[PDB]
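Engineer: Got a sequence here, can you build the structure:
(chains A and B, ligands or ions: 2)
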Amino acid sequence: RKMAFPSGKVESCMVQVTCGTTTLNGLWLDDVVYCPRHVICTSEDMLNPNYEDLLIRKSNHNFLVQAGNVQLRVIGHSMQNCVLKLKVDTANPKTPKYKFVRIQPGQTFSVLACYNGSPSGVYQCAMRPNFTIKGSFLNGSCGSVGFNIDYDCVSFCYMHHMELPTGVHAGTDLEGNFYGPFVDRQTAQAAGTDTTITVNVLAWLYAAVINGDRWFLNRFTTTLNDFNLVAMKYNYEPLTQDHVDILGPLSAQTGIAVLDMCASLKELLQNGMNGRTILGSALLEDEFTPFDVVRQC
Amino acid sequence: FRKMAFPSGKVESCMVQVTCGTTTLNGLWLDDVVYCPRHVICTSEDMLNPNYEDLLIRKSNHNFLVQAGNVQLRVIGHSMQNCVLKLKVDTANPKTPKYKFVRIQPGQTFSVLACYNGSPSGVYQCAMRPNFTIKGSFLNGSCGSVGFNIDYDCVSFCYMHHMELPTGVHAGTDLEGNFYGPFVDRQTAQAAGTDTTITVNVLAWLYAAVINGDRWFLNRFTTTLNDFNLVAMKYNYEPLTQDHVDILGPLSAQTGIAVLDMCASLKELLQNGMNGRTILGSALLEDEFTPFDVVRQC
Ligand SMILES: CC(C)(C)[C@H](NC(=O)C(F)(F)F)C(=O)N1C[C@H]2[C@@H]([C@H]1C(=O)N[C@H](C=N)C[C@@H]1CCNC1=O)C2(C)C
Ligand SMILES: CC(C)(C)[C@H](NC(=O)C(F)(F)F)C(=O)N1C[C@H]2[C@@H]([C@H]1C(=O)N[C@H](C=N)C[C@@H]1CCNC1=O)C2(C)C
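Structural biologist: Numbering: from 1, shown residues only, chains lettered A, B, ... in the order given. Ligands and ions are numbered 1, 2, ... in the order given. There you are, the coordinates:
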């Protein structure tokens, strides 16, 4: 099953940021608050914003940053790509060890969905190959963040900005650079056709073998190039050299070579499951990374 | 539409490690009491057939090692309440949330904070099954992990983890130490009663699918409550009560689909199957979202 990281370290970093009547969420680390830059927009502004000109008309005293109902005075502001950095007069005493990372398609993370600076729920998400996430976000959720935790260190990888017409979600890394070709303007935008995350399907097949569900293992192997060309005919992502390497631990644990598992997946694509299940599922799951498999055990 | 858990921070601040002899598991530290599964006092041999009152009288306060992070909490008293041990410690938890202990009913959902050696590992959503098991994700050392819900800064603790059945589902207690289901904290093979599907939750999920634009399973037919329940019981679904119909009111109002209309859609799903189609990306009918869960997320 999907498991989110414990969210407590991130909960103590969530604040609300208001400009005029626009309120969204921000992330308070040390004495800086990070939030989506469209907080400075009026509803009419969002249709066609000039962020450089809009930010010129703003001063520190136009920004209301609150931890709960407690105001944190803003003493400086700057724009970095599509995020606003608000320097505040108080360093967050609950700042965790952290870093900012830009993730690849296929990688998973936990989202802490927040409204008015108040955490509401937590769930695991994957970055799709088309650079959207299949999230759960309502009005006011912008500035909610996605993250991973590794031994006391929080790696922030996503800040939420928008919802696309197909119901999927788009946002930035914590340096304000969008994942994908999207822009923070209220104008017609559309996600590209998506694909299946091959490396994660392979990880999930390894998990099935580890648990004794191994009927789909076949007696063939393939080359990575041959597999990549066939996979694309089924709307599956091609594998990178990095994908092969992150499957190494699971390949070692099961004694099933990566390219043997690739050949087994190829048969599943060309012939289906013939009514059978894998880990109880009739569908091939693609939002568990090799790291998620290892973490779950 | 995602299986969303409550933010776990308020509970993380309460998790500690409890050790007795060479048995280690998790405890929940609230004010000056640590609550944990009583089988922490058992050796490996004791667990095969424990007499807990006899085992407990032979322990002293100093046999219990409680660690909150790196700091040990001195145990100054102890008692047993059913299958839960209560350790009085000389230090009150400074981050004790507003909380209550509640016993939940089958079909209700809660968040689990899975912990190992007193340290939180992951958070996920579970339902209490009609047969009083839970389909959790728990490994060695997970005992004393808790399940909870949060309502406006108040934590309602409903579950503490004790054991895994041979089928791979899980059994535990409320925070008064009473098991959900006909199980006991003895290491011996135990089966649960045959499980059933949580009908009111399946209906809430079908409403979530319609809210999200997935309508292929709807039909023009309708049914009475009794005729729906006849088919539901035939397929090992729980009866739908009038209370359930009322609880679904907000979702019927939002979608403009009468509850008994949605029942007729579910009846055909049960009799015809999904024909290789999916609902909200699932090939099976999902029954671990309550109506409240759907309302909160949507
Ligand atoms: C769907 C909405 C049509 C209204 C619009 N979308 C498109 O214009 C697109 F279709 F082009 F994407 C859109 O998201 N926004 C319009 C305006 C901001 C953003 C926005 O309101 N963000 C919300 C943050 N609080 C989170 C949203 C709320 C609903 N669910 C979410 O996740 C910006 C791009 C500057
Ligand atoms: C599966 C195990 C066969 C070993 C046994 N099960 C049965 O004896 C049953 F069949 F009766 F359930 C069982 O769980 N235990 C044996 C012994 C305690 C409990 C136990 O080890 N609890 C663990 C807490 N740290 C959590 C477990 C570990 C694996 N996954 C879990 O969730 C007690 C009942 C006293």
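
Engineer: Distance-wise, check residue A:275 relative to residue B:194.
Structural biologist: In this view, residue A:275 and residue B:194 are 24 Å apart by C-beta to C-beta, to the nearest Å. For the C-beta atoms, the positions are set from N, CA and C on the backbone; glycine is no exception.

Engineer: So which residues of the stretch 1-150 of chain A form strands?
Structural biologist: Taking DSSP state E, counting those that start in this stretch as the test, the strands found in the stretch 1-150 of chain A are A:14-19, A:22-29, A:32-36, A:64-67, A:70-72, A:74-80, A:83-88, A:97-100, A:108-115, A:118-126, A:145-150.

Engineer: which strands and helices sit next to the last one?
Structural biologist: This means strand A:145-150. helix A:8-11, strand A:108-115, strand A:153-163 (3 or more C-beta pairs under 8 Å, 6 or more residues apart in numbering or on different chains; DSSP states H and E).

Engineer: near ligand 1 at all, the helix or strand just after the last one?
Structural biologist: Pointing back at strand A:153-163 there. Next in sequence after strand A:153-163, counting helices and strands by DSSP states H and E, comes strand A:169-172. Yes - using C-beta under 6 Å from any ligand atom, strand A:169-172 comes into contact with ligand 1 via residue A:169.

Engineer: Whether the helix or strand just after strand A:169-172 contacts chain B - can you check?
Structural biologist: Per DSSP H and E, the first helix or strand lying C-terminal to strand A:169-172 is helix A:198-210. No - Helix A:198-210 lies apart from chain B when judged by C-beta under 8 Å from any C-beta of the partner chain; the minimum separation is 12.4 Å.

Engineer: Show the contacting residues for residue A:175.
Structural biologist: A:80-81, A:83, A:100, A:102 (C-beta atoms under 8 Å, 6 or more residues apart in numbering or on different chains).

Engineer: Wait, residue A:38 touches residue A:183, no?
Structural biologist: No - in this structure, residue A:38 is not within contact of residue A:183 by C-beta atoms under 8 Å, at 10.5 Å.

Engineer: neighbour-wise, which of these two wins?
Structural biologist: residue A:38 (23 against 14; other C-beta atoms under 10 Å in any protein chain shown).

Engineer: who are the neighbours in contact with that one?
Structural biologist: Taking C-beta under 8 Å, 6+ apart, one finds A:22, A:46, A:49, A:51, A:82, A:142, A:161, A:184 in contact with residue A:38.

Engineer: so who does the second one touch?
Structural biologist: The neighbours of residue A:46, taking C-beta under 8 Å, 6+ apart as the test, are A:38, A:185-186.

Engineer: Residues in a beta bridge with the closest residue to ligand 2 within the stretch 51-200 of chain A, which ones?
Structural biologist: In the stretch 51-200 of chain A, the residue that lies nearest ligand 2 is residue A:124 (21.0 Å; C-beta to the nearest ligand atom). In this structure, residue A:124 bridges to residue A:110 when assessed by DSSP bridges.

Engineer: Check whether it really touches residue A:112, as I assumed.
Structural biologist: No - Residue A:124 is beyond contact range of residue A:112, at 11.3 Å (criterion: C-beta under 8 Å).

Engineer: For those two, work out which one has more neighbours and name it.
Structural biologist: Per other C-beta under 10 Å, whichever of residue A:124 and residue A:112 has more neighbours is residue A:112, with 27 against 23.

Engineer: Distance of that one relative to ligand 1?
Structural biologist: Distance, residue A:112 to ligand 1, using C-beta to the nearest ligand atom, to the nearest Å: 14 Å.
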